[PDB]
>>> print(open('run-v9.csv').read())   # CSV, C-alpha atoms
chain,number,residue,atom,x,y,z
R,1,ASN,CA,17.7,16.7,19.4
R,2,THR,CA,15.7,13.8,18.1
R,3,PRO,CA,17.5,11.3,15.8
R,4,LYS,CA,16.2,10.9,12.3
R,5,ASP,CA,15.1,7.3,12.8
R,6,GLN,CA,12.9,8.5,15.7
R,7,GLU,CA,11.5,11.4,13.7
R,8,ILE,CA,10.5,9.0,10.9
R,9,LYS,CA,9.0,6.5,13.4
R,10,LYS,CA,7.1,9.4,15.1
R,11,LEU,CA,5.6,10.5,11.7
R,12,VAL,CA,4.6,6.9,10.8
R,13,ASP,CA,3.0,6.6,14.3
R,14,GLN,CA,1.1,9.8,13.7
R,15,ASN,CA,-0.1,9.0,10.2
R,16,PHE,CA,-0.1,5.3,9.6
R,17,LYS,CA,-0.6,3.8,13.1
R,18,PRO,CA,-4.2,5.2,13.6
R,19,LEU,CA,-5.3,3.3,10.5
R,20,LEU,CA,-4.9,0.0,12.4
R,21,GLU,CA,-7.7,0.9,14.8
R,22,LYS,CA,-9.8,2.8,12.3
R,23,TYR,CA,-10.0,-0.1,9.9
R,24,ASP,CA,-9.5,-3.0,12.3
R,25,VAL,CA,-6.3,-4.0,10.5
R,26,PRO,CA,-4.3,-6.8,12.2
R,27,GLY,CA,-0.8,-6.1,10.9
R,28,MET,CA,1.1,-3.4,9.0
R,29,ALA,CA,4.7,-2.8,7.8
R,30,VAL,CA,5.8,0.7,6.7
R,31,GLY,CA,9.2,1.4,5.3
R,32,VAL,CA,11.0,4.6,4.3
R,33,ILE,CA,14.2,4.9,2.4
R,34,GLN,CA,16.0,8.2,2.3
R,35,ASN,CA,19.5,8.9,1.0
R,36,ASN,CA,20.1,5.1,0.8
R,37,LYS,CA,19.2,4.6,4.6
R,38,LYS,CA,16.3,2.3,5.3
R,39,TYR,CA,13.8,2.6,8.2
R,40,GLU,CA,11.5,-0.3,8.9
R,41,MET,CA,8.4,0.0,11.2
R,42,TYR,CA,6.3,-3.1,12.0
R,43,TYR,CA,2.9,-3.1,13.8
R,44,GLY,CA,0.5,-5.7,14.9
R,45,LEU,CA,0.2,-9.4,13.9
R,46,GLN,CA,0.8,-11.3,10.7
R,47,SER,CA,-1.5,-14.0,12.1
R,48,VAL,CA,-4.0,-13.2,14.7
R,49,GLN,CA,-4.7,-16.8,15.7
R,50,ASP,CA,-1.0,-17.5,16.0
R,51,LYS,CA,-0.2,-14.2,17.8
R,52,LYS,CA,2.7,-13.9,15.4
R,53,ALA,CA,4.1,-10.4,15.2
R,54,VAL,CA,4.7,-8.6,11.9
R,55,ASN,CA,8.4,-8.4,11.3
R,56,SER,CA,11.1,-8.2,8.7
R,57,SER,CA,10.4,-11.8,7.5
R,58,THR,CA,6.7,-11.3,7.1
R,59,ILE,CA,5.5,-12.1,3.5
R,60,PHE,CA,2.5,-10.0,2.3
R,61,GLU,CA,0.5,-10.2,-1.0
R,62,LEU,CA,1.3,-7.1,-3.2
R,63,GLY,CA,-1.9,-7.3,-5.3
R,64,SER,CA,-1.6,-4.9,-8.3
R,65,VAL,CA,1.9,-3.7,-7.1
R,66,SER,CA,2.8,-6.9,-8.8
R,67,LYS,CA,2.3,-5.1,-12.1
R,68,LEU,CA,5.5,-3.2,-11.4
R,69,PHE,CA,7.4,-6.4,-11.7
R,70,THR,CA,5.6,-7.4,-14.8
R,71,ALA,CA,6.5,-4.0,-16.3
R,72,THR,CA,10.1,-4.5,-15.3
R,73,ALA,CA,10.2,-7.9,-16.9
R,74,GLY,CA,8.8,-6.3,-20.1
R,75,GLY,CA,11.4,-3.6,-20.0
R,76,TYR,CA,14.1,-6.2,-19.6
R,77,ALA,CA,12.9,-8.3,-22.5
R,78,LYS,CA,12.5,-5.2,-24.7
R,79,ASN,CA,16.0,-4.0,-24.0
R,80,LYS,CA,17.5,-7.5,-24.6
R,81,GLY,CA,15.8,-7.4,-28.0
R,82,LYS,CA,13.4,-10.2,-27.2
R,83,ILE,CA,10.3,-8.0,-27.9
R,84,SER,CA,9.5,-4.7,-29.4
R,85,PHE,CA,6.6,-2.8,-27.8
R,86,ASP,CA,5.2,-2.2,-31.3
R,87,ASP,CA,4.9,-6.0,-31.7
R,88,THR,CA,1.5,-7.7,-31.5
R,89,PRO,CA,0.8,-10.7,-29.2
R,90,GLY,CA,0.4,-13.2,-32.1
R,91,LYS,CA,4.1,-12.8,-32.9
R,92,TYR,CA,4.7,-14.8,-29.7
R,93,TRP,CA,1.4,-16.6,-28.9
R,94,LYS,CA,1.0,-18.0,-32.3
R,95,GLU,CA,-2.6,-19.1,-31.7
R,96,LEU,CA,-3.6,-15.5,-31.6
R,97,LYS,CA,-2.2,-14.6,-35.1
R,98,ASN,CA,-5.0,-13.5,-37.5
R,99,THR,CA,-7.4,-12.7,-34.6
R,100,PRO,CA,-8.7,-9.2,-33.6
R,101,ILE,CA,-6.6,-9.0,-30.5
R,102,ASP,CA,-3.5,-9.4,-32.8
R,103,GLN,CA,-4.2,-5.8,-33.9
R,104,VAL,CA,-3.3,-4.5,-30.4
R,105,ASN,CA,0.4,-3.9,-29.7
R,106,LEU,CA,2.3,-4.8,-26.6
R,107,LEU,CA,2.6,-1.3,-25.2
R,108,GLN,CA,-1.2,-0.8,-25.6
R,109,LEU,CA,-1.7,-4.0,-23.7
R,110,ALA,CA,0.7,-3.0,-20.9
R,111,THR,CA,-0.9,0.4,-20.6
R,112,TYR,CA,-4.6,-0.7,-20.8
R,113,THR,CA,-5.6,0.9,-24.1
R,114,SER,CA,-7.0,-2.1,-26.2
R,115,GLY,CA,-10.4,-0.4,-26.0
R,116,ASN,CA,-12.3,-3.6,-24.9
R,117,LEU,CA,-10.7,-5.2,-21.8
R,118,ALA,CA,-12.3,-5.0,-18.4
R,119,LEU,CA,-10.9,-4.9,-14.9
R,120,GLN,CA,-11.1,-8.7,-14.5
R,121,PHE,CA,-11.4,-11.8,-16.7
R,122,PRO,CA,-14.9,-13.3,-16.5
R,123,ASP,CA,-15.4,-15.4,-13.4
R,124,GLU,CA,-15.7,-18.6,-15.5
R,125,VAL,CA,-12.4,-18.1,-17.4
R,126,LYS,CA,-10.1,-20.3,-15.3
R,127,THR,CA,-8.0,-22.8,-17.2
R,128,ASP,CA,-5.3,-22.1,-19.8
R,129,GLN,CA,-7.6,-23.2,-22.6
R,130,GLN,CA,-10.3,-20.9,-21.3
R,131,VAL,CA,-7.9,-17.9,-21.3
R,132,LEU,CA,-6.8,-18.6,-24.9
R,133,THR,CA,-10.4,-19.0,-26.0
R,134,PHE,CA,-11.2,-15.6,-24.3
R,135,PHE,CA,-8.5,-13.9,-26.3
R,136,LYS,CA,-9.5,-15.6,-29.5
R,137,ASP,CA,-13.1,-14.5,-29.1
R,138,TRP,CA,-12.1,-10.9,-28.3
R,139,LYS,CA,-13.4,-8.3,-30.6
R,140,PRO,CA,-12.6,-4.5,-30.5
R,141,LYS,CA,-15.0,-2.0,-29.0
R,142,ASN,CA,-13.5,1.4,-28.8
R,143,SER,CA,-10.7,2.5,-31.3
R,144,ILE,CA,-7.5,0.7,-30.3
R,145,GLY,CA,-5.1,3.0,-28.4
R,146,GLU,CA,-7.6,5.8,-27.6
R,147,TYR,CA,-9.1,4.8,-24.3
R,148,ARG,CA,-7.5,3.7,-21.0
R,149,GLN,CA,-9.4,1.2,-19.0
R,150,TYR,CA,-7.5,-0.3,-16.1
R,151,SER,CA,-7.4,-4.1,-16.8
R,152,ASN,CA,-5.9,-7.3,-15.4
R,153,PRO,CA,-6.4,-9.3,-18.6
R,154,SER,CA,-4.7,-6.6,-20.6
R,155,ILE,CA,-1.4,-6.5,-18.6
R,156,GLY,CA,-1.7,-10.2,-17.9
R,157,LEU,CA,-1.6,-10.9,-21.6
R,158,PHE,CA,1.4,-8.5,-21.9
R,159,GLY,CA,3.1,-10.6,-19.1
R,160,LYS,CA,2.3,-13.9,-20.9
R,161,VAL,CA,3.9,-12.6,-24.1
R,162,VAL,CA,6.9,-11.3,-22.2
R,163,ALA,CA,7.4,-14.8,-20.8
R,164,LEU,CA,6.9,-16.4,-24.2
R,165,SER,CA,9.6,-14.1,-25.7
R,166,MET,CA,12.0,-15.2,-22.9
R,167,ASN,CA,11.2,-19.0,-23.3
R,168,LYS,CA,10.2,-19.5,-19.6
R,169,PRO,CA,7.0,-19.5,-17.7
R,170,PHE,CA,6.2,-16.1,-16.2
R,171,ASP,CA,6.7,-17.3,-12.6
R,172,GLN,CA,10.3,-18.3,-13.6
R,173,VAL,CA,10.8,-15.0,-15.4
R,174,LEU,CA,10.4,-13.3,-12.0
R,175,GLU,CA,11.9,-15.9,-9.6
R,176,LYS,CA,14.9,-16.9,-11.8
R,177,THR,CA,15.6,-13.7,-13.7
R,178,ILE,CA,14.0,-10.4,-12.4
R,179,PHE,CA,14.0,-11.0,-8.6
R,180,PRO,CA,17.7,-12.1,-8.6
R,181,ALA,CA,18.7,-9.2,-10.8
R,182,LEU,CA,17.1,-6.8,-8.4
R,183,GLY,CA,18.6,-8.5,-5.4
R,184,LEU,CA,15.3,-9.6,-3.9
R,185,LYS,CA,15.7,-12.9,-2.0
R,186,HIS,CA,12.4,-13.1,-0.1
R,187,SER,CA,10.0,-12.3,-3.0
R,188,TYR,CA,7.9,-15.0,-4.7
R,189,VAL,CA,5.2,-15.8,-7.2
R,190,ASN,CA,4.7,-19.1,-5.4
R,191,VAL,CA,5.7,-19.2,-1.7
R,192,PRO,CA,7.6,-22.4,-1.0
R,193,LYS,CA,6.5,-24.8,1.8
R,194,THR,CA,9.7,-23.8,3.8
R,195,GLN,CA,8.5,-20.1,3.9
R,196,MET,CA,4.8,-20.6,4.6
R,197,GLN,CA,5.4,-19.9,8.3
R,198,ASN,CA,6.3,-16.4,7.2
R,199,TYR,CA,3.3,-15.8,4.9
R,200,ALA,CA,0.9,-13.6,6.7
R,201,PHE,CA,-2.8,-14.4,6.8
R,202,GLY,CA,-4.8,-11.8,4.9
R,203,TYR,CA,-8.0,-10.6,6.6
R,204,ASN,CA,-11.3,-10.0,4.8
R,205,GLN,CA,-13.9,-7.3,5.8
R,206,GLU,CA,-15.2,-9.7,8.5
R,207,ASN,CA,-11.6,-10.0,9.9
R,208,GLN,CA,-11.5,-13.6,8.8
R,209,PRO,CA,-8.2,-15.1,7.7
R,210,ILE,CA,-7.8,-15.7,4.0
R,211,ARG,CA,-5.1,-15.8,1.3
R,212,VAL,CA,-5.3,-15.1,-2.5
R,213,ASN,CA,-6.9,-17.8,-4.7
R,214,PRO,CA,-5.6,-19.0,-8.0
R,215,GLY,CA,-6.9,-17.1,-11.1
R,216,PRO,CA,-6.3,-16.7,-14.8
R,217,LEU,CA,-3.0,-14.9,-15.5
R,218,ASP,CA,-2.8,-14.1,-11.8
R,219,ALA,CA,1.0,-14.0,-11.7
R,220,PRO,CA,1.5,-11.0,-14.0
R,221,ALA,CA,-1.6,-9.1,-12.8
R,222,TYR,CA,-1.4,-9.5,-9.1
R,223,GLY,CA,0.7,-12.5,-8.2
R,224,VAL,CA,3.7,-11.4,-6.2
R,225,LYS,CA,4.3,-11.7,-2.4
R,226,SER,CA,7.2,-9.9,-0.7
R,227,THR,CA,8.6,-8.6,2.5
R,228,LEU,CA,9.2,-5.0,3.6
R,229,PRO,CA,13.0,-5.3,3.3
R,230,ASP,CA,12.6,-6.6,-0.3
R,231,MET,CA,10.2,-3.9,-1.2
R,232,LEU,CA,12.6,-1.3,0.2
R,233,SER,CA,15.2,-2.8,-2.0
R,234,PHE,CA,12.9,-2.6,-5.0
R,235,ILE,CA,12.3,1.1,-4.2
R,236,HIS,CA,16.1,1.5,-3.9
R,237,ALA,CA,16.5,0.0,-7.4
R,238,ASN,CA,14.0,2.4,-8.8
R,239,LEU,CA,15.8,5.3,-7.1
R,240,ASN,CA,19.2,4.2,-8.4
R,241,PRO,CA,18.9,2.3,-11.7
R,242,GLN,CA,22.6,3.2,-12.4
R,243,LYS,CA,23.5,0.5,-9.8
R,244,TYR,CA,22.4,-2.4,-12.0
R,245,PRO,CA,23.8,-3.9,-15.2
R,246,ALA,CA,22.8,-2.2,-18.4
R,247,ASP,CA,19.9,-4.5,-19.3
R,248,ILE,CA,18.2,-4.2,-15.8
R,249,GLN,CA,19.0,-0.5,-15.6
R,250,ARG,CA,17.3,0.1,-19.0
R,251,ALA,CA,14.4,-2.2,-17.9
R,252,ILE,CA,13.9,0.0,-14.8
R,253,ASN,CA,14.2,3.2,-16.9
R,254,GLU,CA,11.5,1.8,-19.3
R,255,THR,CA,9.1,1.5,-16.3
R,256,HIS,CA,9.7,5.2,-15.6
R,257,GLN,CA,9.0,6.4,-19.1
R,258,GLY,CA,5.6,8.1,-19.2
R,259,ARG,CA,3.6,7.0,-22.3
R,260,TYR,CA,0.4,9.2,-22.3
R,261,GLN,CA,-1.6,11.3,-19.9
R,262,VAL,CA,-5.1,11.2,-18.4
R,263,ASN,CA,-5.4,14.8,-16.9
R,264,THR,CA,-2.6,15.1,-14.3
R,265,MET,CA,-1.7,11.4,-14.3
R,266,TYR,CA,1.1,10.0,-16.5
R,267,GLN,CA,0.7,6.3,-17.4
R,268,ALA,CA,4.2,4.8,-17.3
R,269,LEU,CA,4.8,1.1,-17.6
R,270,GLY,CA,3.2,-0.3,-14.4
R,271,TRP,CA,4.0,2.9,-12.5
R,272,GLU,CA,1.7,5.9,-12.4
R,273,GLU,CA,3.8,9.1,-12.7
R,274,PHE,CA,3.2,12.8,-11.7
R,275,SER,CA,4.9,16.1,-11.8
R,276,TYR,CA,6.6,16.8,-8.4
R,277,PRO,CA,5.6,18.4,-6.2
R,278,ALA,CA,2.2,16.8,-6.7
R,279,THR,CA,-0.8,18.2,-4.9
R,280,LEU,CA,-2.7,15.7,-2.7
R,281,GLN,CA,-5.7,16.0,-4.9
R,282,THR,CA,-3.6,15.0,-8.0
R,283,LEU,CA,-2.5,11.8,-6.2
R,284,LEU,CA,-6.1,11.1,-5.0
R,285,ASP,CA,-7.5,11.6,-8.5
R,286,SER,CA,-5.3,8.8,-9.9
R,287,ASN,CA,-7.3,6.4,-7.7
R,288,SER,CA,-10.7,8.0,-8.3
R,289,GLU,CA,-13.6,5.8,-9.6
R,290,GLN,CA,-13.5,7.9,-12.8
R,291,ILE,CA,-9.8,6.9,-13.5
R,292,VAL,CA,-9.8,3.3,-12.1
R,293,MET,CA,-13.1,2.0,-13.2
R,294,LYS,CA,-14.2,3.8,-16.3
R,295,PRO,CA,-12.7,4.2,-19.7
R,296,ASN,CA,-10.9,7.6,-20.3
R,297,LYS,CA,-9.6,9.2,-23.4
R,298,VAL,CA,-5.8,9.4,-23.4
R,299,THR,CA,-3.8,12.4,-24.5
R,300,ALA,CA,-0.2,12.7,-25.5
R,301,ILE,CA,2.3,13.9,-23.0
R,302,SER,CA,2.7,17.7,-23.2
R,303,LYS,CA,4.8,18.6,-20.2
R,304,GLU,CA,7.5,16.0,-19.9
R,305,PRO,CA,8.1,16.5,-16.1
R,306,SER,CA,11.8,17.0,-15.3
R,307,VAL,CA,11.0,16.6,-11.5
R,308,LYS,CA,8.6,13.8,-10.9
R,309,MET,CA,7.3,11.1,-8.6
R,310,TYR,CA,5.7,7.6,-9.1
R,311,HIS,CA,3.3,5.5,-7.1
R,312,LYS,CA,1.1,2.4,-7.3
R,313,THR,CA,-1.6,1.0,-5.1
R,314,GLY,CA,-2.5,-2.7,-4.9
R,315,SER,CA,-4.9,-4.9,-3.1
R,316,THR,CA,-6.0,-8.5,-2.9
R,317,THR,CA,-9.1,-9.7,-1.0
R,318,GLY,CA,-7.1,-9.7,2.2
R,319,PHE,CA,-4.1,-7.3,1.7
R,320,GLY,CA,-3.3,-3.7,0.9
R,321,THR,CA,-0.2,-2.2,-0.6
R,322,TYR,CA,1.1,1.2,-1.5
R,323,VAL,CA,4.5,2.2,-2.9
R,324,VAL,CA,5.7,5.7,-3.8
R,325,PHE,CA,9.1,7.2,-4.7
R,326,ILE,CA,10.5,10.7,-5.5
R,327,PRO,CA,13.8,10.4,-7.4
R,328,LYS,CA,15.2,13.9,-6.9
R,329,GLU,CA,14.4,13.8,-3.2
R,330,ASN,CA,16.2,10.3,-3.0
R,331,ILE,CA,13.2,9.1,-1.0
R,332,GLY,CA,10.5,6.5,-1.1
R,333,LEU,CA,7.9,4.7,1.0
R,334,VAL,CA,6.2,1.3,1.1
R,335,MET,CA,3.1,0.4,3.1
R,336,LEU,CA,1.9,-3.3,3.5
R,337,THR,CA,-1.1,-4.4,5.4
R,338,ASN,CA,-2.8,-7.7,5.9
R,339,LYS,CA,-6.3,-6.1,5.5
R,340,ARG,CA,-7.5,-3.7,2.8
R,341,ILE,CA,-7.9,-0.1,3.7
R,342,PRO,CA,-9.2,2.6,1.4
R,343,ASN,CA,-6.6,3.7,-1.3
R,344,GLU,CA,-7.2,7.3,-0.3
R,345,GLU,CA,-6.0,6.7,3.3
R,346,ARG,CA,-2.8,5.0,2.0
R,347,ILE,CA,-2.1,8.0,-0.3
R,348,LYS,CA,-2.9,10.6,2.3
R,349,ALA,CA,-0.8,9.0,5.1
R,350,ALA,CA,2.2,8.6,2.8
R,351,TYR,CA,1.9,12.2,1.6
R,352,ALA,CA,1.9,13.5,5.1
R,353,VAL,CA,4.9,11.4,6.1
R,354,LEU,CA,7.0,12.1,3.0
R,355,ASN,CA,6.3,15.9,3.1
R,356,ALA,CA,7.2,16.2,6.8
R,357,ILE,CA,10.5,14.2,6.8
R,358,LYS,CA,13.5,16.7,7.0
R,359,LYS,CA,15.6,16.9,3.9
>>> encode(input="run-v9.csv", output="C-alpha cells")
Amino acid sequence: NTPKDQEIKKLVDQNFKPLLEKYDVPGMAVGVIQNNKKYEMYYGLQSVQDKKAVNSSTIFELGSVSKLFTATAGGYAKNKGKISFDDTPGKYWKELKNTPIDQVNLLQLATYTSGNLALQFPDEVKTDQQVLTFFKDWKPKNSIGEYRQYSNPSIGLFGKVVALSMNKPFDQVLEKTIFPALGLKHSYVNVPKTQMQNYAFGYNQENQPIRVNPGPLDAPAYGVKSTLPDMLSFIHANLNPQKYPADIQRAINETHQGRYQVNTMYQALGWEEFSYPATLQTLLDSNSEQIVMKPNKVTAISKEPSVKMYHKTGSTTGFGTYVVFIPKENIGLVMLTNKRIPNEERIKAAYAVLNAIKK
C-alpha cells in the first residue's frame, strides 16, 4: 500500500541519509532509475553560507567518474575509425614518436597497464610543456601490459590522444560532441559564468568551502561537473545503448567490454565490471588499497559474465560520487555529495538500496 516512489525514498532515507550526520556532509543528491522511471532525492545545502538547498539544478564535481566520459569519447573515436586501441600515442601526438611511451598502446593507457604511471602527475607538472616533457622523459618499469596501477596521467594521456584524433580540444570533445549525443544539457568541463549560481561549493575535511583547482590533463581524468538529472540520463544511456545512433551506441558498448581481470574485478573502459549478483565484498574489494593504490598483475578474462553490473567511484577534494548500474535488472543509482565520504560507505549504501527495491 506504499507507492514505489515512497518505497525508494524510504530506502534512501534509511541507507544514505544517515551519512550526512555521520560525515558532516552539507549536501547530497541520490537518484535511482528503474524500468525507465527516475526517482530524485535531494538533501541538505549546495552552499552552506548561502543556505541554498540541493536541487535538480545543483552542479557537483564528478571526480574520477569523469573517466567514464573519457572512456565513452574513446569508444566513439574508435568506432568512427579515428583511432585503433592498438595504436600508440605517437601516432597522434607526434612529439612522442620514437620515445619509450610510444611503445604503450591506447587500450593499455586507458586501462592503466603501462607499468610505470602513478596515481597523479608530479606536483610540479603544471603547464602543457611540462606535461609533454613528462611523457618524453617517461621510461618503462614493469613489463608493458602486465600490471594495473590506477593512474590519472595514464587515462589523461588516452584522453588527449582521443581529442587529437578528433581534431578538437578535449573539453570541446565532451561539450560539443559527447554530452549532446548523450542528451546531457547541464554537464560541463568548464562551468560558464551563467551557471556558477548552480555550482555547489565542495567542502573539505574541515567543512570549509572549496572547488577543484586546475591541473595537468584534469579534464579527461577528473574534469566533469554534472547534475543529478544529467547523471540519471547517463545511467539511462548505459542501460539502453540501443536508443542512440550507431556510433554512440557502439561507443557505450565499448565502455562495457571487460578487458582483463584482477581477481573478481573486470576492468572495462572507464567502468569497473562484475558478475551479477555481486557479493558486497567483491564490490568493496574493487576499492581496496591493494587494488586502488598498488600495482597488480592482470589476468585474462576467463568467465565472460552474461549477467553483470558496473560501477565507478570518484572524488575531488570537496566532492564524492558513486554510480552503479545493473543492465538485466534495468536499474541504476547515482550518489553525489559536496563532501567526500569513504568509498566503502557509498558502495554499502547503494548495495542495500538496490537489493531491497522491489522488482
>>> atom_distance(input="run-v9.csv", atom1="CA of residue 323 (chain R)", atom2="CA of residue 64 (chain R)")
10.8 Å
>>> atom_distance(input="run-v9.csv", atom1="CA of residue 11 (chain R)", atom2="CA of residue 182 (chain R)")
28.9 Å
>>> closest_atom_pairs(input="run-v9.csv", of="region 119-238 of chain R", to="region 331-342 of chain R", cutoff="9 Å", atoms="all atoms listed in the file", output="Markdown table")
| residue | atom | partner | partner_atom | distance |
| --- | --- | --- | --- | --- |
| R:200 | CA | R:338 | CA | 7.0 |
| R:201 | CA | R:338 | CA | 6.8 |
| R:202 | CA | R:338 | CA | 4.7 |
| R:203 | CA | R:339 | CA | 4.9 |
| R:204 | CA | R:339 | CA | 6.4 |
| R:205 | CA | R:339 | CA | 7.7 |
| R:207 | CA | R:339 | CA | 7.9 |
| R:227 | CA | R:336 | CA | 8.6 |
| R:228 | CA | R:334 | CA | 7.4 |
| R:231 | CA | R:334 | CA | 7.0 |
| R:232 | CA | R:334 | CA | 7.0 |
| R:235 | CA | R:332 | CA | 6.5 |
| R:236 | CA | R:332 | CA | 8.0 |
>>> write_last_selection(input="run-v9.csv", atoms="C-alpha atoms", output="PDB file, in the frame of the given file")
ATOM      1  CA  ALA R 200       0.900 -13.600   6.700  1.00  0.00           C
ATOM      2  CA  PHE R 201      -2.800 -14.400   6.800  1.00  0.00           C
ATOM      3  CA  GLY R 202      -4.800 -11.800   4.900  1.00  0.00           C
ATOM      4  CA  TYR R 203      -8.000 -10.600   6.600  1.00  0.00           C
ATOM      5  CA  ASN R 204     -11.300 -10.000   4.800  1.00  0.00           C
ATOM      6  CA  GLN R 205     -13.900  -7.300   5.800  1.00  0.00           C
ATOM      7  CA  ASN R 207     -11.600 -10.000   9.900  1.00  0.00           C
ATOM      8  CA  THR R 227       8.600  -8.600   2.500  1.00  0.00           C
ATOM      9  CA  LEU R 228       9.200  -5.000   3.600  1.00  0.00           C
ATOM     10  CA  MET R 231      10.200  -3.900  -1.200  1.00  0.00           C
ATOM     11  CA  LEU R 232      12.600  -1.300   0.200  1.00  0.00           C
ATOM     12  CA  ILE R 235      12.300   1.100  -4.200  1.00  0.00           C
ATOM     13  CA  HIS R 236      16.100   1.500  -3.900  1.00  0.00           C
TER      14      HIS R 236
END
>>> residues_around(input="run-v9.csv", residues="residue 159 (chain R)", least_positions_apart="2", cutoff="7 Å", atoms="only C-alpha atoms", output="PyMOL selection string")
chain R and resi 70+155-157+161-163+170+220
>>> atom_distance(input="run-v9.csv", atom1="CA of residue 197 (chain R)", atom2="CA of residue 223 (chain R)")
18.7 Å
>>> residues_around(input="run-v9.csv", residues="residue 316 (chain R)", least_positions_apart="2", cutoff="9 Å", atoms="all atoms listed in the file", output="PyMOL selection string")
chain R and resi 61-64+202+211-212+222+314+318-321+339-340
>>> closest_residue(input="run-v9.csv", among="R:74, R:34, R:137, R:346", to="residue 280 (chain R)", atoms="all atoms listed in the file")
R:346
>>> closest_residue(input="run-v9.csv", among="R:265, R:33, R:19, R:301", to="residue 349 (chain R)", atoms="only C-alpha atoms")
R:19
>>> residues_near_point(input="run-v9.csv", point="(9.4, 1.7, 6.7)", cutoff="6 Å", atoms="all atoms listed in the file", output="ChimeraX atom specification")
/R:30-32,39-41
>>> closest_residue(input="run-v9.csv", among="R:255, R:240, R:113, R:317", to="residue 75 (chain R)", atoms="all atoms listed in the file")
R:255
>>> decode(input="run-v9.csv", residues="region 153-173 of chain R", atoms="N, CA and C atoms", output="PDB file, in the first residue's frame")
ATOM      1  N   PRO R 153      47.519  10.201 -14.987  1.00  0.00           N
ATOM      2  CA  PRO R 153      48.283  10.513 -16.222  1.00  0.00           C
ATOM      3  C   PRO R 153      48.025   9.498 -17.322  1.00  0.00           C
ATOM      4  N   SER R 154      47.832   8.226 -16.967  1.00  0.00           N
ATOM      5  CA  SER R 154      47.618   7.196 -17.974  1.00  0.00           C
ATOM      6  C   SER R 154      46.345   7.464 -18.776  1.00  0.00           C
ATOM      7  N   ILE R 155      45.204   7.581 -18.092  1.00  0.00           N
ATOM      8  CA  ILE R 155      43.967   7.786 -18.852  1.00  0.00           C
ATOM      9  C   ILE R 155      43.861   9.227 -19.356  1.00  0.00           C
ATOM     10  N   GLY R 156      44.499  10.175 -18.660  1.00  0.00           N
ATOM     11  CA  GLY R 156      44.621  11.523 -19.196  1.00  0.00           C
ATOM     12  C   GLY R 156      45.311  11.566 -20.554  1.00  0.00           C
ATOM     13  N   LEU R 157      46.412  10.820 -20.707  1.00  0.00           N
ATOM     14  CA  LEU R 157      47.086  10.769 -21.998  1.00  0.00           C
ATOM     15  C   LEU R 157      46.184  10.127 -23.048  1.00  0.00           C
ATOM     16  N   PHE R 158      45.495   9.041 -22.679  1.00  0.00           N
ATOM     17  CA  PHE R 158      44.480   8.463 -23.564  1.00  0.00           C
ATOM     18  C   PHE R 158      43.491   9.531 -24.024  1.00  0.00           C
ATOM     19  N   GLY R 159      42.973  10.314 -23.081  1.00  0.00           N
ATOM     20  CA  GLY R 159      42.020  11.364 -23.436  1.00  0.00           C
ATOM     21  C   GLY R 159      42.600  12.413 -24.375  1.00  0.00           C
ATOM     22  N   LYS R 160      43.833  12.856 -24.111  1.00  0.00           N
ATOM     23  CA  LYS R 160      44.463  13.814 -25.009  1.00  0.00           C
ATOM     24  C   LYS R 160      44.588  13.250 -26.427  1.00  0.00           C
ATOM     25  N   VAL R 161      44.994  11.981 -26.547  1.00  0.00           N
ATOM     26  CA  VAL R 161      45.123  11.349 -27.861  1.00  0.00           C
ATOM     27  C   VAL R 161      43.770  11.244 -28.548  1.00  0.00           C
ATOM     28  N   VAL R 162      42.748  10.834 -27.802  1.00  0.00           N
ATOM     29  CA  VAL R 162      41.394  10.809 -28.351  1.00  0.00           C
ATOM     30  C   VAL R 162      41.024  12.174 -28.933  1.00  0.00           C
ATOM     31  N   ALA R 163      41.289  13.249 -28.177  1.00  0.00           N
ATOM     32  CA  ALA R 163      40.982  14.594 -28.667  1.00  0.00           C
ATOM     33  C   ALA R 163      41.766  14.908 -29.934  1.00  0.00           C
ATOM     34  N   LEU R 164      43.081  14.650 -29.922  1.00  0.00           N
ATOM     35  CA  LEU R 164      43.889  14.853 -31.126  1.00  0.00           C
ATOM     36  C   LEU R 164      43.290  14.145 -32.335  1.00  0.00           C
ATOM     37  N   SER R 165      42.846  12.899 -32.159  1.00  0.00           N
ATOM     38  CA  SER R 165      42.324  12.151 -33.295  1.00  0.00           C
ATOM     39  C   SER R 165      41.034  12.745 -33.837  1.00  0.00           C
ATOM     40  N   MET R 166      40.323  13.515 -33.017  1.00  0.00           N
ATOM     41  CA  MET R 166      39.071  14.149 -33.386  1.00  0.00           C
ATOM     42  C   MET R 166      39.252  15.620 -33.744  1.00  0.00           C
ATOM     43  N   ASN R 167      40.498  16.120 -33.738  1.00  0.00           N
ATOM     44  CA  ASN R 167      40.827  17.488 -34.156  1.00  0.00           C
ATOM     45  C   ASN R 167      40.096  18.562 -33.352  1.00  0.00           C
ATOM     46  N   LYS R 168      39.909  18.335 -32.047  1.00  0.00           N
ATOM     47  CA  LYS R 168      39.323  19.327 -31.149  1.00  0.00           C
ATOM     48  C   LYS R 168      39.970  19.197 -29.779  1.00  0.00           C
ATOM     49  N   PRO R 169      40.011  20.269 -28.997  1.00  0.00           N
ATOM     50  CA  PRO R 169      40.412  20.122 -27.592  1.00  0.00           C
ATOM     51  C   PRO R 169      39.467  19.182 -26.863  1.00  0.00           C
ATOM     52  N   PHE R 170      40.015  18.494 -25.862  1.00  0.00           N
ATOM     53  CA  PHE R 170      39.235  17.513 -25.113  1.00  0.00           C
ATOM     54  C   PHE R 170      37.951  18.105 -24.543  1.00  0.00           C
ATOM     55  N   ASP R 171      38.019  19.328 -23.985  1.00  0.00           N
ATOM     56  CA  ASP R 171      36.820  19.938 -23.414  1.00  0.00           C
ATOM     57  C   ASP R 171      35.721  20.057 -24.456  1.00  0.00           C
ATOM     58  N   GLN R 172      36.083  20.403 -25.693  1.00  0.00           N
ATOM     59  CA  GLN R 172      35.102  20.503 -26.771  1.00  0.00           C
ATOM     60  C   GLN R 172      34.640  19.137 -27.261  1.00  0.00           C
ATOM     61  N   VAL R 173      35.485  18.113 -27.150  1.00  0.00           N
ATOM     62  CA  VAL R 173      35.041  16.744 -27.439  1.00  0.00           C
ATOM     63  C   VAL R 173      33.826  16.400 -26.592  1.00  0.00           C
TER      64      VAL R 173
END
